[PDB]
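Novice: Start counting the sequence shown at 32; every next residue gets the next number (our numbering).
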Amino acid sequence: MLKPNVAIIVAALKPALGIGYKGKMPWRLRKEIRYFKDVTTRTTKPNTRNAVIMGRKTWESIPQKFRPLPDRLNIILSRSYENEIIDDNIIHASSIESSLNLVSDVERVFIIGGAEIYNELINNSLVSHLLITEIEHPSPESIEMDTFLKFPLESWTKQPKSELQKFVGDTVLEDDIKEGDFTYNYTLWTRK
Ligand SMILES: NC(=O)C1=CN([C@@H]2O[C@H](COP(=O)(O)OP(=O)(O)OC[C@H]3O[C@@H](n4cnc5c(N)ncnc54)[C@H](OP(=O)(O)O)[C@@H]3O)[C@@H](O)[C@H]2O)C=CC1
Ligand SMILES: COc1cc(C(C)(C)C#Cc2c(C)nc(N)nc2N)cc(OC)c1OC
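1) With burial defined as no fewer than 16 other Cβ atoms inside 10 Å of the residue's Cβ, what is the status of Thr-178: buried or exposed?
2) Just how far apart, CA to CA, sit residue 262 and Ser-193?
3) Output yes or no for whether 7 angstroms exceeds the beta carbon distance between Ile-142 and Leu-152.
4) Any heavy atom of ligand 1 inside 6 angstroms of the beta-carbon of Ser-125?
5) Can you tell me which residues fall inside 7 angstroms of ligand 2, judged by beta-carbon distance to its nearest heavy atom, and keep chain order?
6) Any heavy atom of ligand 1 closer than 6 angstroms to the CB of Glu-147?
7) Measure the alpha-carbon distance for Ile-117 versus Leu-161 and round it to whole angstroms.
8) Over what stretch of residues does the alpha helix (DSSP H) that includes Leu-184 continue unbroken?
9) Along the alpha helix (DSSP H) that carries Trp-90, what are the first and last residues, could you check?
10) Express the C-alpha separation of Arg-139 and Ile-39 in angstroms, rounding to a whole number.
11) Are the stretch 39-55 and the stretch 72-79 touching by the rule of at least three beta carbon pairs closer than 8 angstroms?
12) Could I get the ranges of all uninterrupted alpha helix (DSSP H) runs contained in the stretch 79-164, with 4 residues as the minimum, in chain order?
13) Taking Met-56 and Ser-135 to be in contact with their CB atoms under 8 angstroms, please state how far apart those CB atoms are, rounded to whole angstroms.
14) DSSP on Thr-71, reduced to helix/strand/coil?
15) Taking a contact to mean a Cβ-Cβ separation below 7 angstroms, would you say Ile-121 touches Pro-99 in this structure?
16) State the Cα-Cα distance for the pair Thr-164 and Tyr-66, rounded to the nearest angstrom.
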C-alpha cells in the first residue's frame, strides 16, 4: 500500500483536549466505544478490511484477550520493533508507511492512539482526516488528566455533518449524546 490516506480517530475532552490519565481512559462512554468499533470496522468495497495503527503503550492497554481488535488489521509501532508480520491480523513496525508497504486489500487506515503517536502524526501529510469525538463536561478541570492532544487545529477545517455522514455511511450519528456528566459529538476535520 503506497501513500495511503490516513485518518486519526480519537475522543477528547474540551477545551484542553485531554485523552488519558495514568495510561488509561478517564471515561467509559459506551456509545462512543461502539462508534469507534463501527467506524474502524466498516468497509465500502467487498472483500476488504481496514487497518488500525497504534503505539505500543495503547496496544498494551487493551486487555490481552480482547486484542487484536477483531475484523481489522492491527499494526503496533515501537522504536524497538523491526518489521515483522506476526499473523494475518498483527503487524509490528516502526513507521506507518513501512508497516503498510507490507499490505494489500486494506481500504481505510486509522490511527487509534495514543497521545505520543497522535501528536507526531498530526504533522504527517498522509493524515488527511481527523475524526474527533468532542467531549464536554460542566467541570472539565475536575477530571484527572495527564495526557493531551497537541493539535494545531487552525490548520484544519471542521466539516459539516453531511461530510461526516458520507464518511461513515449509514452509521447513525446522534447529537449531544449524554453519558453520566459527559456530553459528546462526533466531528470530522480535513486539512485547511
Ligand atoms: N481518549 C482516546 O480516544 C484515546 C486515549 N488513549 C490514551 O493515550 C494514552 C497512551 O498514549 P501514550 O502514553 O502517549 O502512548 P502511545 O500509545 O502513543 O505509545 C507510545 C509508544 O509508541 C512508540 N512510538 C512512539 N513514536 C514512535 C515512532 N515515531 N516510531 C516508532 N514507534 C514510536 C514507542 O514505543 P516503545 O516505547 O516500545 O519504543 C512509544 O513509547 C493512554 O492513557 C490511553 O488511554 C489512547 C487511544 C485513544
Ligand atoms: C476496543 O475497545 C477498546 C479500545 C481502546 C483504545 C485505546 C484502542 C481506543 C480507542 C478509541 C475510542 C474508544 N474512541 C475513539 N473515538 N477513538 C479511539 N481511538 C482501549 C481499550 O481498552 C483500554 C478498549 O477496550 C478493549
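Here a beta-carbon is modelled for each residue, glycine too, at the ideal position from N, C-alpha and C.
Specialist: Once the coordinates are examined:
1) Counting from one through the sequence shown, the residue named residue 178 turns up at place 147. Around the CB of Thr-178, 16 or more other CB atoms lie within 10 Å, so the residue is classed as buried.
2) No statement about residue 262 is possible, as the shown extent of the chain runs from 32 to 223 and does not include it.
3) Counting from 1 along the sequence shown, the entry for residue 142 is found at position 111. Counting from 1 along the sequence shown, the entry for residue 152 is found at position 121. Yes, they are a contact pair.
4) Position 94 of the sequence shown holds residue 125. It does: the Cβ of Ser-125 is within 6 angstroms (strictly closer) of some heavy atom of ligand 1.
5) One residue list follows from the rule of a beta carbon closer than 7 angstroms to any heavy atom of ligand 2, given in chain order as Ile-40, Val-41, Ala-42, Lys-55, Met-56, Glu-63, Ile-64, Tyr-66, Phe-67, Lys-68, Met-85, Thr-89, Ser-92, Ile-93, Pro-94, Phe-97, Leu-100, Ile-143, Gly-144, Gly-145, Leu-162 and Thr-164.
6) Numbered from 1 along the sequence shown, position 116 holds the residue referred to as residue 147. Yes, since a heavy atom of ligand 1 falls inside the 6 angstroms radius drawn around the Cβ of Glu-147.
7) Here residue 117 is taken as the residue at index 86 of the sequence shown, counted from 1. Here residue 161 is taken as the residue at index 130 of the sequence shown, counted from 1. The alpha-carbon atoms of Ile-117 and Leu-161 are separated by roughly 28 angstroms.
8) As a first step, residue 184 is located in the sequence shown; it is residue number 153 there, counting from the start. Per DSSP, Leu-184 belongs to no alpha helix (DSSP H) and is neither H nor E.
9) For the purposes of this step, residue 90 is taken as residue 59 along the sequence shown, with counting starting at 1. Residues 87-92.
10) For the purposes of this step, residue 39 is identified with residue 8 of the sequence shown, where counting begins at 1. For the purposes of this step, residue 139 is identified with residue 108 of the sequence shown, where counting begins at 1. For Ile-39 and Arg-139, the distance between alpha carbons rounds to 11 angstroms.
11) Per the Cβ contact rule, the stretch 39-55 is not in contact with the stretch 72-79 (fewer than 3 Cβ pairs under 8 angstroms).
12) Fully enclosed alpha helix (DSSP H) runs of 4 or longer: 87-92, 127-131 and 146-152.
13) Position 25 of the sequence shown holds residue 56. Position 104 of the sequence shown holds residue 135. So it is not a contact: roughly 33 angstroms between Cβ atoms.
14) On the sequence shown, position 40 is the one that residue 71 refers to. In the structure shown, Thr-71 sits in a helix (DSSP, three-state: H, G or I).
15) Here the question's residue 121 lines up with position 90 in the sequence shown. Here the question's residue 99 lines up with position 68 in the sequence shown. For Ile-121 and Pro-99, yes; Cβs fall inside 7 angstroms.
16) Within the sequence shown, numbered from 1, the residue matching residue 164 stands at position 133. Within the sequence shown, numbered from 1, the residue matching residue 66 stands at position 35. Looking at the backbone, the Cα of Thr-164 and that of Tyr-66 are separated by about 10 angstroms.
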